[PDB]
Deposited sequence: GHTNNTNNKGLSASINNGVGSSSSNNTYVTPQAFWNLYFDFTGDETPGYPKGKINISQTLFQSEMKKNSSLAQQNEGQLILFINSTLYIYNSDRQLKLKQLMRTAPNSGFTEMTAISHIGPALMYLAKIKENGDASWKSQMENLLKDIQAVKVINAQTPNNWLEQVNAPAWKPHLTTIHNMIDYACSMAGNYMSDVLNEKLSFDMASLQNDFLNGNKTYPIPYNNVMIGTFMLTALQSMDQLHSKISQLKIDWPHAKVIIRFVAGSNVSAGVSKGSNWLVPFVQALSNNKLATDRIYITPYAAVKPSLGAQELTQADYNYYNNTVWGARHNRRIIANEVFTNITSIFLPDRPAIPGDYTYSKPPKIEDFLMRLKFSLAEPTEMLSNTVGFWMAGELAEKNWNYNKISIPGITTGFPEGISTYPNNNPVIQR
């Protein structure tokens, strides 16, 4: 076919849109561009940008106020906390490896037990205990509990693995759940509680570090502009909707609910501009995020509602309240977070941090970031009836 679109059609097309497309006529200012420039002419806020793994905060004068990496610090206690948490999933994986008839489960569990014994010893080191050296102010009220818990965890998991390898217990998905994950006569606090406790401390550390930094900027929250284009490493399908990104309730918490949720836009296809991260954003890069990205989403919402008043408005629901959410259950159950962990792993839309992210953001908001008043499931709450905290003197690992 030799058919060619008449020029009159392109001229009319380019009158409203196409300004970012190659082929757009050089020199033209279309109706969309006029709109995002008219808004500027006739108290402008901060630009909060979660782009990839970094946070960027820029003021009205295009000056950098904060550049923070969302990546976990080497002195945060993340690796330490996560290593203990992962003992549950590791044992689950080993039960599956056994079911598939792969004998490597025995050698992997032997090494896992050996490495847990080395952790028990290092955790018991005094003075200059690793826990006293970690940068986590929010944990300070519970340092003794955190110590006893890692000790309890190593003792429980170690002696459980020992019993499996010495054939005192059976090994399968069912046995693992009843003999270890749910607890036993010697170790009555379920390992399920240790998994949730450790995750919770990791969420609390991450959120406390961010609140400490963002608080010192004295942001005028009612006028803030929030852009979320956050990528969780290789999870290219997660946190692209507000119900599946705990950064949304977390930012609300930071603002003390003074920032309207409609001022928060998840823009996964927004460009990563060249001057992003510089002390000064270029006017072109600033106008891009402020007007082209944030402004366009905000203006469309206003124009549609102000012009189409004769057309009935549709409202779609948010995702339902599910286990792990702050409001779902009070007090929360440990099983609630286990359910959320499974859901977060299976669902492409979810991040593993959603397991506790939504809960901890709500708790910190409710308790106004006061460490002495917050409850931490798996650390301060969720103990079996009759138990108040993790025991101090725990049996040695018998190999």
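Missing C-alpha coordinates mark the following deposited-sequence intervals, in order: 1-25, 68-74.
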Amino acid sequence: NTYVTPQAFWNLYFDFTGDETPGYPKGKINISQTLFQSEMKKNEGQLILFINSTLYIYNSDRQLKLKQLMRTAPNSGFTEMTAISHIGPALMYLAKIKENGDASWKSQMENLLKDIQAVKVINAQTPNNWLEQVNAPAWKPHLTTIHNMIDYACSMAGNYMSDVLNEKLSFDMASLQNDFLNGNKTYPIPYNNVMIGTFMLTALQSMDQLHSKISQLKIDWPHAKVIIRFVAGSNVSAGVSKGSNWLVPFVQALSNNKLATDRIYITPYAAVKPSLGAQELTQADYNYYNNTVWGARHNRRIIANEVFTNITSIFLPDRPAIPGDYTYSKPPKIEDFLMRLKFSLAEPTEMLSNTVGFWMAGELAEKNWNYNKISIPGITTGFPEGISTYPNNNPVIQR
From here on, numbers count along this sequence of modelled residues.
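Looking at 47-55 and 30-38 together, the entry lists the larger mean B-factor for 30-38, computed on C-alpha atoms. Mean CA B-factor, 372-380 versus 387-395: the higher value falls on 387-395. By the numbers in the PDB entry, the CA B factor is greatest at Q125 among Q125, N290, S241, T82. Comparing the listed residues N111, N245, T309, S234, the entry records the largest Cα B-factor for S234. Per the deposited record, the Cα B-factor of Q209 falls in the middle third when ranked against the other modelled residues of its chain.
The PDB entry assigns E335 a C-alpha temperature factor belonging to the middle third of its chain's modelled residues. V194: CA B factor in the lowest third of modelled residues in this chain (values from the PDB entry). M70: CA B factor in the highest third of modelled residues in this chain (values from the PDB entry).
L181 sits in the middle third of its chain by CA B factor, as recorded in the PDB entry.
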